[PDB]
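Inspection log for the structure reproduced underneath, given as C-alpha coordinates.
As written, the chain order gives the labels A, B, C, D and E, with residue 1 at the start of each chain.
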Amino acid sequence: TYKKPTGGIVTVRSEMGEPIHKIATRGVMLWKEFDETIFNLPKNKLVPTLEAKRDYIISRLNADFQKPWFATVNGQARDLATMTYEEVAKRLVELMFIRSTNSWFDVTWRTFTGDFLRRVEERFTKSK
Amino acid sequence: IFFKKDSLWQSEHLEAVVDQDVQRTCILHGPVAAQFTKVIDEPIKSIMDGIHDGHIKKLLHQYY
Amino acid sequence: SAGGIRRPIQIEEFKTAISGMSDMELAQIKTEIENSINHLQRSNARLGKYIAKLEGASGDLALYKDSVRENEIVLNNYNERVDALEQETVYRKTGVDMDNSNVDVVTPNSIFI
Amino acid sequence: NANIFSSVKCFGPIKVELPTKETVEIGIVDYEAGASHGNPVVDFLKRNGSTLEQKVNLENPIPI
Amino acid sequence: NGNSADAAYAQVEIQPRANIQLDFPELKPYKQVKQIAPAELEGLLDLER
(Lines give C-alpha, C1' and ligand atoms only; values in the text may rest on other atoms or scores of the structure.)
Protein backbone atom coordinates (compact mmCIF):
# COMPACT_ATOMS: atom_id res chain seq x y z
CA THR A 1 0.00 0.00 0.00
CA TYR A 2 3.13 2.29 0.37
CA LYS A 3 3.84 1.85 -3.42
CA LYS A 4 0.61 1.22 -5.46
CA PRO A 5 -3.11 0.28 -5.11
CA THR A 6 -3.40 -3.03 -3.12
CA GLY A 7 -7.08 -4.16 -2.95
CA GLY A 8 -8.06 -0.56 -3.92
CA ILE A 9 -6.33 0.85 -0.75
CA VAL A 10 -3.04 2.85 -0.55
CA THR A 11 -1.08 4.78 2.09
CA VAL A 12 -1.03 8.62 1.86
CA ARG A 13 1.02 11.28 3.72
CA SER A 14 -0.91 13.80 5.93
CA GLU A 15 -0.09 17.55 6.47
CA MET A 16 2.25 16.30 9.29
CA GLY A 17 3.74 13.31 7.34
CA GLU A 18 1.60 10.67 9.15
CA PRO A 19 0.61 7.74 6.87
CA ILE A 20 -3.21 7.40 6.33
CA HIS A 21 -4.87 4.22 4.89
CA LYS A 22 -7.36 5.66 2.34
CA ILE A 23 -9.42 4.04 -0.46
CA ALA A 24 -7.50 4.86 -3.70
CA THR A 25 -10.23 7.08 -5.29
CA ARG A 26 -9.38 9.34 -8.31
CA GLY A 27 -8.95 12.22 -5.76
CA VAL A 28 -6.72 10.01 -3.49
CA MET A 29 -4.73 8.78 -6.58
CA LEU A 30 -4.20 12.52 -7.41
CA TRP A 31 -3.28 13.20 -3.70
CA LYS A 32 -0.55 10.49 -3.82
CA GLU A 33 0.86 11.93 -7.14
CA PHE A 34 1.21 15.37 -5.38
CA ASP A 35 2.96 13.70 -2.34
CA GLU A 36 5.63 12.17 -4.71
CA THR A 37 6.01 15.26 -7.06
CA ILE A 38 5.31 18.48 -5.04
CA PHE A 39 5.01 18.07 -1.20
CA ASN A 40 8.31 16.06 -0.80
CA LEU A 41 10.23 19.07 -2.35
CA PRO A 42 12.25 21.51 -0.17
CA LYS A 43 11.07 25.14 0.43
CA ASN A 44 13.13 26.86 -2.37
CA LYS A 45 11.96 24.38 -5.13
CA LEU A 46 8.21 24.61 -4.21
CA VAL A 47 7.15 27.99 -5.78
CA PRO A 48 8.88 27.64 -9.23
CA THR A 49 7.45 24.05 -9.60
CA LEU A 50 3.88 25.42 -9.03
CA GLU A 51 4.36 28.17 -11.72
CA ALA A 52 5.56 25.53 -14.31
CA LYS A 53 2.81 22.86 -13.72
CA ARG A 54 0.18 25.66 -13.17
CA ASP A 55 -2.35 24.56 -15.89
CA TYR A 56 -1.79 20.81 -15.09
CA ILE A 57 -2.57 21.11 -11.31
CA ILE A 58 -5.74 23.25 -11.81
CA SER A 59 -7.09 20.84 -14.52
CA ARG A 60 -6.58 17.87 -12.09
CA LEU A 61 -8.26 19.70 -9.10
CA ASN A 62 -11.41 20.50 -11.20
CA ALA A 63 -11.56 16.87 -12.57
CA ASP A 64 -10.49 14.71 -9.56
CA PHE A 65 -10.04 16.46 -6.14
CA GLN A 66 -12.90 17.09 -3.60
CA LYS A 67 -11.69 20.74 -3.17
CA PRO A 68 -11.66 22.16 -6.73
CA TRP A 69 -9.83 25.26 -8.07
CA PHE A 70 -11.88 28.36 -7.06
CA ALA A 71 -11.19 30.59 -10.12
CA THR A 72 -13.21 28.52 -12.69
CA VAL A 73 -16.33 30.04 -14.40
CA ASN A 74 -18.28 27.85 -16.95
CA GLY A 75 -15.37 25.30 -16.85
CA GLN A 76 -12.70 27.83 -18.04
CA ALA A 77 -9.52 27.98 -15.84
CA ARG A 78 -8.87 31.56 -14.53
CA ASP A 79 -7.02 33.15 -11.56
CA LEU A 80 -8.73 34.88 -8.58
CA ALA A 81 -7.25 38.23 -9.88
CA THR A 82 -8.87 37.57 -13.37
CA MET A 83 -12.42 37.12 -11.90
CA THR A 84 -15.17 39.76 -11.40
CA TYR A 85 -16.64 40.37 -7.90
CA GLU A 86 -19.87 39.04 -9.52
CA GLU A 87 -18.19 35.76 -10.72
CA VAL A 88 -16.68 35.15 -7.21
CA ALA A 89 -20.07 35.56 -5.42
CA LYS A 90 -21.69 33.18 -8.01
CA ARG A 91 -18.80 30.66 -7.52
CA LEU A 92 -19.11 30.96 -3.67
CA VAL A 93 -22.85 30.01 -3.76
CA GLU A 94 -22.07 27.25 -6.35
CA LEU A 95 -19.80 25.44 -3.76
CA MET A 96 -20.98 26.55 -0.25
CA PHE A 97 -24.82 26.61 -0.85
CA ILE A 98 -26.59 23.24 -1.42
CA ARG A 99 -29.36 23.06 -4.12
CA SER A 100 -30.73 19.64 -2.90
CA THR A 101 -31.32 20.73 0.81
CA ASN A 102 -31.86 24.48 -0.07
CA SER A 103 -29.46 25.45 2.81
CA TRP A 104 -25.87 26.67 3.47
CA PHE A 105 -23.95 23.47 4.43
CA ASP A 106 -22.34 25.35 7.39
CA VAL A 107 -23.45 28.74 8.85
CA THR A 108 -19.77 29.98 8.84
CA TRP A 109 -19.76 29.67 4.98
CA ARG A 110 -22.86 31.93 4.83
CA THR A 111 -21.04 34.52 7.07
CA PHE A 112 -17.96 34.31 4.73
CA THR A 113 -20.04 35.04 1.55
CA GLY A 114 -22.02 37.69 3.56
CA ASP A 115 -18.83 39.57 4.65
CA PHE A 116 -17.64 39.44 0.96
CA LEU A 117 -20.88 41.15 -0.23
CA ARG A 118 -20.42 43.83 2.52
CA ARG A 119 -16.82 44.25 1.15
CA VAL A 120 -18.29 44.79 -2.39
CA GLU A 121 -20.70 47.48 -1.02
CA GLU A 122 -17.75 49.04 0.97
CA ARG A 123 -15.59 49.21 -2.23
CA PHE A 124 -18.11 50.71 -4.72
CA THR A 125 -20.36 53.14 -2.71
CA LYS A 126 -19.47 56.90 -2.87
CA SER A 127 -21.33 58.42 0.17
CA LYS A 128 -22.21 56.96 3.66
CA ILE B 1 -2.26 23.15 3.79
CA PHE B 2 -5.24 24.13 1.50
CA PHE B 3 -5.06 20.71 -0.27
CA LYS B 4 -4.94 18.57 2.96
CA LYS B 5 -7.00 20.69 5.48
CA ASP B 6 -10.40 19.23 6.62
CA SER B 7 -10.50 16.25 4.17
CA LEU B 8 -12.69 13.69 6.08
CA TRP B 9 -16.33 15.01 6.26
CA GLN B 10 -17.01 14.80 2.43
CA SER B 11 -17.47 10.94 2.59
CA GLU B 12 -20.76 11.37 4.62
CA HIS B 13 -22.06 14.56 2.87
CA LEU B 14 -21.73 13.96 -0.93
CA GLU B 15 -24.41 16.72 -1.50
CA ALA B 16 -21.58 19.32 -0.84
CA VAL B 17 -19.10 17.58 -3.26
CA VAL B 18 -18.85 19.15 -6.79
CA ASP B 19 -21.14 16.61 -8.63
CA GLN B 20 -21.80 14.18 -5.69
CA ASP B 21 -18.73 12.10 -6.81
CA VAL B 22 -17.34 9.53 -4.28
CA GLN B 23 -14.21 9.26 -6.55
CA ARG B 24 -13.15 12.81 -5.41
CA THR B 25 -13.33 11.89 -1.69
CA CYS B 26 -10.83 10.71 0.96
CA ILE B 27 -12.48 7.60 2.52
CA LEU B 28 -10.21 6.03 5.19
CA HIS B 29 -10.11 2.16 5.28
CA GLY B 30 -7.69 -0.63 6.45
CA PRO B 31 -6.28 -2.94 3.70
CA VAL B 32 -6.50 -6.22 5.76
CA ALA B 33 -10.05 -5.55 7.16
CA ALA B 34 -11.36 -4.85 3.57
CA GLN B 35 -11.49 -8.63 2.72
CA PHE B 36 -14.37 -8.96 5.31
CA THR B 37 -16.28 -5.73 4.34
CA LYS B 38 -18.86 -7.20 1.86
CA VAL B 39 -22.45 -6.74 3.21
CA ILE B 40 -23.92 -3.22 2.54
CA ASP B 41 -26.36 -1.88 5.23
CA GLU B 42 -25.91 -4.71 7.82
CA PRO B 43 -27.41 -3.77 11.25
CA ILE B 44 -24.63 -3.24 13.85
CA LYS B 45 -26.37 -5.84 16.13
CA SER B 46 -26.16 -8.63 13.44
CA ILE B 47 -22.46 -7.74 12.67
CA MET B 48 -21.17 -7.56 16.30
CA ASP B 49 -23.35 -10.45 17.67
CA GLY B 50 -22.30 -12.75 14.74
CA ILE B 51 -18.66 -12.34 15.94
CA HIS B 52 -19.55 -12.66 19.70
CA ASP B 53 -21.92 -15.64 19.00
CA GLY B 54 -19.01 -16.99 16.83
CA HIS B 55 -16.65 -16.81 19.90
CA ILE B 56 -19.11 -18.70 22.19
CA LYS B 57 -19.76 -21.27 19.37
CA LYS B 58 -16.04 -22.28 19.22
CA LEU B 59 -15.20 -21.67 22.94
CA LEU B 60 -18.05 -24.09 23.92
CA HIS B 61 -16.66 -26.71 21.42
CA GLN B 62 -12.96 -26.66 22.49
CA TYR B 63 -13.16 -26.35 26.33
CA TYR B 64 -16.81 -26.97 27.50
CA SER C 1 2.23 19.91 28.17
CA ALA C 2 0.30 18.81 24.99
CA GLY C 3 2.24 21.42 22.90
CA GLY C 4 5.75 20.26 21.82
CA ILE C 5 5.27 16.48 22.31
CA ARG C 6 8.29 15.30 20.17
CA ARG C 7 5.90 14.53 17.22
CA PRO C 8 4.61 17.02 14.59
CA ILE C 9 1.19 18.69 15.37
CA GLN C 10 -1.07 20.82 13.06
CA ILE C 11 -0.42 24.60 13.39
CA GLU C 12 -3.94 26.19 13.08
CA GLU C 13 -5.12 24.07 16.09
CA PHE C 14 -1.92 25.14 18.00
CA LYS C 15 -2.43 28.83 16.91
CA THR C 16 -5.89 28.81 18.67
CA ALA C 17 -4.87 26.74 21.78
CA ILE C 18 -1.86 29.09 22.49
CA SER C 19 -4.35 32.08 22.80
CA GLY C 20 -6.27 30.82 25.92
CA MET C 21 -3.15 29.90 28.03
CA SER C 22 -1.23 31.69 30.88
CA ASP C 23 2.15 33.45 30.17
CA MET C 24 4.05 30.93 32.44
CA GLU C 25 2.44 28.03 30.41
CA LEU C 26 3.77 29.57 27.10
CA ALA C 27 7.33 29.80 28.61
CA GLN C 28 7.06 26.07 29.67
CA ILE C 29 6.01 25.03 26.09
CA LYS C 30 8.71 27.37 24.58
CA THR C 31 11.38 25.65 26.83
CA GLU C 32 10.01 22.16 25.85
CA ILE C 33 10.12 22.74 22.01
CA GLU C 34 13.68 24.27 22.06
CA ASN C 35 14.86 21.10 23.97
CA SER C 36 13.06 19.04 21.21
CA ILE C 37 14.90 21.17 18.53
CA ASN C 38 18.34 20.54 20.22
CA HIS C 39 17.41 16.77 20.36
CA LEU C 40 16.92 16.62 16.50
CA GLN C 41 19.92 18.95 15.69
CA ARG C 42 22.26 16.71 17.82
CA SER C 43 20.51 13.72 16.06
CA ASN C 44 21.12 15.33 12.58
CA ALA C 45 24.80 15.98 13.64
CA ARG C 46 25.12 12.16 14.26
CA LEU C 47 23.32 11.42 10.90
CA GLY C 48 25.65 14.04 9.25
CA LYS C 49 28.78 12.04 10.33
CA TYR C 50 27.41 8.68 8.94
CA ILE C 51 26.69 10.53 5.59
CA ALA C 52 30.20 12.15 5.36
CA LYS C 53 31.88 8.80 6.38
CA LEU C 54 30.07 6.76 3.62
CA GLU C 55 30.13 9.68 1.04
CA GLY C 56 33.99 9.45 1.22
CA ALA C 57 33.73 5.97 -0.46
CA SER C 58 24.95 2.40 -2.73
CA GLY C 59 22.88 0.27 -0.24
CA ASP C 60 22.49 1.68 3.34
CA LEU C 61 23.09 5.30 2.12
CA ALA C 62 19.53 6.27 0.92
CA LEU C 63 18.26 4.91 4.33
CA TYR C 64 20.51 7.52 6.11
CA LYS C 65 19.34 10.15 3.53
CA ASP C 66 15.50 9.81 4.07
CA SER C 67 16.18 9.58 7.90
CA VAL C 68 17.72 13.14 7.90
CA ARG C 69 15.11 14.19 5.23
CA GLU C 70 12.33 13.03 7.69
CA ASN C 71 13.92 14.95 10.65
CA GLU C 72 13.79 18.23 8.57
CA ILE C 73 9.95 17.70 8.17
CA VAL C 74 9.57 17.36 12.01
CA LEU C 75 12.08 20.27 12.60
CA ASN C 76 10.07 22.41 10.05
CA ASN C 77 7.05 21.91 12.40
CA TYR C 78 9.12 22.90 15.52
CA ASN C 79 10.37 26.38 14.37
CA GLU C 80 6.86 26.96 12.80
CA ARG C 81 5.45 26.19 16.32
CA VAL C 82 8.17 28.52 17.82
CA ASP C 83 7.06 31.20 15.25
CA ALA C 84 3.47 30.93 16.68
CA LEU C 85 4.99 31.37 20.23
CA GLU C 86 6.68 34.63 19.02
CA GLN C 87 3.41 35.99 17.44
CA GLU C 88 1.34 35.18 20.60
CA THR C 89 4.07 36.91 22.76
CA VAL C 90 3.99 40.19 20.67
CA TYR C 91 0.11 40.22 20.77
CA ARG C 92 0.39 40.43 24.64
CA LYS C 93 2.48 43.68 24.42
CA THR C 94 -0.55 45.49 22.85
CA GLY C 95 -3.62 44.06 24.74
CA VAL C 96 -10.18 91.24 17.31
CA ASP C 97 -12.77 91.22 14.42
CA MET C 98 -13.94 94.89 13.99
CA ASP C 99 -15.80 93.40 10.99
CA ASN C 100 -19.33 92.55 12.36
CA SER C 101 -18.93 88.88 11.21
CA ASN C 102 -19.19 87.03 14.61
CA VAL C 103 -21.43 89.47 16.60
CA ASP C 104 -23.29 92.07 14.41
CA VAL C 105 -23.18 95.01 16.93
CA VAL C 106 -24.18 97.67 14.31
CA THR C 107 -27.67 96.20 15.18
CA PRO C 108 -29.02 96.89 18.74
CA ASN C 109 -30.07 93.19 19.15
CA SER C 110 -26.70 91.36 18.61
CA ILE C 111 -24.93 92.45 21.92
CA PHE C 112 -26.87 90.06 24.27
CA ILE C 113 -30.29 91.84 24.87
CA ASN D 1 -37.89 32.52 31.01
CA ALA D 2 -35.08 32.97 33.63
CA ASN D 3 -34.88 36.68 32.47
CA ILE D 4 -38.09 37.65 30.51
CA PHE D 5 -41.33 38.22 32.56
CA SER D 6 -44.63 36.91 31.01
CA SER D 7 -46.89 39.41 32.92
CA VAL D 8 -45.87 42.58 34.84
CA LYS D 9 -48.74 43.95 37.02
CA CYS D 10 -48.12 46.97 39.34
CA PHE D 11 -50.94 48.68 41.32
CA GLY D 12 -51.73 50.32 44.69
CA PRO D 13 -53.24 53.59 45.98
CA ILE D 14 -51.78 57.14 45.49
CA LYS D 15 -52.13 59.23 48.70
CA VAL D 16 -51.12 62.94 48.88
CA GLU D 17 -49.89 64.51 52.20
CA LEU D 18 -52.54 67.05 53.37
CA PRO D 19 -51.82 70.01 55.73
CA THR D 20 -54.05 68.24 58.37
CA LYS D 21 -51.36 65.47 58.96
CA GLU D 22 -53.61 62.57 57.69
CA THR D 23 -53.46 61.56 53.96
CA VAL D 24 -56.38 60.70 51.57
CA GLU D 25 -56.31 58.30 48.55
CA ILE D 26 -57.35 60.07 45.26
CA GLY D 27 -55.06 58.13 42.85
CA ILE D 28 -54.59 54.54 41.56
CA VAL D 29 -51.47 52.97 39.97
CA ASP D 30 -52.71 50.64 37.12
CA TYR D 31 -49.74 49.22 35.13
CA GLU D 32 -50.39 45.96 33.17
CA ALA D 33 -47.97 44.64 30.45
CA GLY D 34 -47.08 41.44 28.52
CA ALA D 35 -43.53 40.20 27.70
CA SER D 36 -41.39 42.74 29.71
CA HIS D 37 -37.80 42.81 31.19
CA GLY D 38 -38.14 45.09 34.30
CA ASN D 39 -40.67 46.96 36.53
CA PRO D 40 -40.91 50.49 35.01
CA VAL D 41 -43.01 52.02 37.87
CA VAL D 42 -40.56 51.10 40.72
CA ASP D 43 -37.37 52.27 38.82
CA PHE D 44 -39.24 55.60 38.21
CA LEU D 45 -39.88 56.03 41.99
CA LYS D 46 -36.27 55.02 42.94
CA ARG D 47 -34.66 57.89 40.89
CA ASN D 48 -37.40 60.62 41.02
CA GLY D 49 -38.85 60.01 44.54
CA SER D 50 -37.25 58.59 47.75
CA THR D 51 -38.01 56.07 50.58
CA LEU D 52 -39.59 57.36 53.85
CA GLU D 53 -36.36 56.41 55.72
CA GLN D 54 -32.81 57.34 54.49
CA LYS D 55 -29.81 55.23 55.71
CA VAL D 56 -26.68 57.38 56.43
CA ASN D 57 -23.26 55.64 56.84
CA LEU D 58 -20.78 56.84 59.54
CA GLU D 59 -17.42 58.32 58.35
CA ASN D 60 -15.62 55.38 60.10
CA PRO D 61 -17.24 52.04 61.16
CA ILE D 62 -16.73 51.20 64.91
CA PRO D 63 -15.73 47.67 66.08
CA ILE D 64 -18.14 47.18 69.08
CA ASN E 1 -38.36 46.55 26.34
CA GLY E 2 -34.92 45.95 28.05
CA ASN E 3 -32.30 45.89 25.21
CA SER E 4 -34.61 43.95 22.77
CA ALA E 5 -36.72 46.77 21.11
CA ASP E 6 -34.14 49.63 21.71
CA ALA E 7 -30.91 47.72 20.67
CA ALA E 8 -32.49 45.76 17.69
CA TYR E 9 -33.80 49.15 16.27
CA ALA E 10 -30.17 50.10 15.28
CA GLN E 11 -29.43 49.50 11.52
CA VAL E 12 -26.01 48.64 9.90
CA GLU E 13 -24.19 51.63 8.24
CA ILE E 14 -21.55 51.13 5.45
CA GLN E 15 -18.35 53.25 5.16
CA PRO E 16 -17.11 53.96 1.59
CA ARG E 17 -13.57 52.84 0.49
CA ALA E 18 -11.33 54.08 -2.38
CA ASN E 19 -12.22 52.64 -5.83
CA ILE E 20 -9.60 54.65 -7.84
CA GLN E 21 -10.63 54.54 -11.56
CA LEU E 22 -8.18 55.06 -14.50
CA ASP E 23 -10.72 57.50 -16.14
CA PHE E 24 -10.61 55.76 -19.60
CA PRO E 25 -12.82 57.62 -22.13
CA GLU E 26 -16.52 56.50 -22.19
CA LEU E 27 -17.06 54.84 -25.63
CA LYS E 28 -20.62 55.53 -26.92
CA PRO E 29 -22.51 53.08 -29.22
CA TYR E 30 -21.81 53.47 -33.00
CA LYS E 31 -25.06 55.41 -33.85
CA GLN E 32 -24.10 57.97 -31.08
CA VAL E 33 -20.80 58.63 -33.03
CA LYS E 34 -22.26 58.96 -36.57
CA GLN E 35 -24.52 61.92 -35.51
CA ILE E 36 -21.35 63.82 -34.38
CA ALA E 37 -18.91 63.40 -37.35
CA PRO E 38 -20.37 64.17 -40.83
CA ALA E 39 -21.23 60.86 -42.65
CA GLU E 40 -18.93 61.65 -45.69
CA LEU E 41 -15.84 61.14 -43.40
CA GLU E 42 -16.26 57.28 -43.52
CA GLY E 43 -13.17 55.73 -45.25
CA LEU E 44 -11.96 59.25 -46.29
CA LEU E 45 -8.90 59.60 -43.96
CA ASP E 46 -5.62 57.65 -44.05
CA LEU E 47 -5.57 56.34 -40.43
CA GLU E 48 -1.76 55.77 -40.76
CA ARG E 49 -1.41 59.63 -41.01
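By our rule, a residue touches a chain if its C-beta (ideal position, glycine included) is under 8 Å from a C-beta of that chain, and two chains touch if they have at least 3 such contacts.
Chains that touch both chain D and chain E: there are none. Taking A-B and A-C together, the chain pair joined by more C-beta contacts is A-B.
If you average the CA atoms of chain A and of chain C, the two centres end up 27 Å from each other. Here the spacing of chain C and chain D, counted between their Cα centres, is 59 Å.
One inter-chain figure worth recording: chain B and chain D are separated by 69 Å, centre to centre, where each centre is the mean of the chain's CA atoms.
Taken residue by residue, chain A touches two or more other chains at 15, whereas all remaining positions touch fewer.
Under the contact definition stated at the top, not a single residue of chain E touches 2 or more other chains. Residues of chain C in contact with at least two other chains: none.
Chain contact summary for the complex, chain A toward chain B: residues 1, 6-9, 12, 14-15, 20-23, 25-28, 31, 34, 64-68, 95, 98, 100-101, 105. Residues of chain E that touch chain A in their complex: 13-17, 19.
Of all residues in chain C, only 7-10, 70, 72-74, 77 touch chain A in the complex they form. On the side of chain A, the complex with chain C involves touching residues 15-17, 42.
Partner chain D is touched in their complex by these residues of chain E: 1-4.
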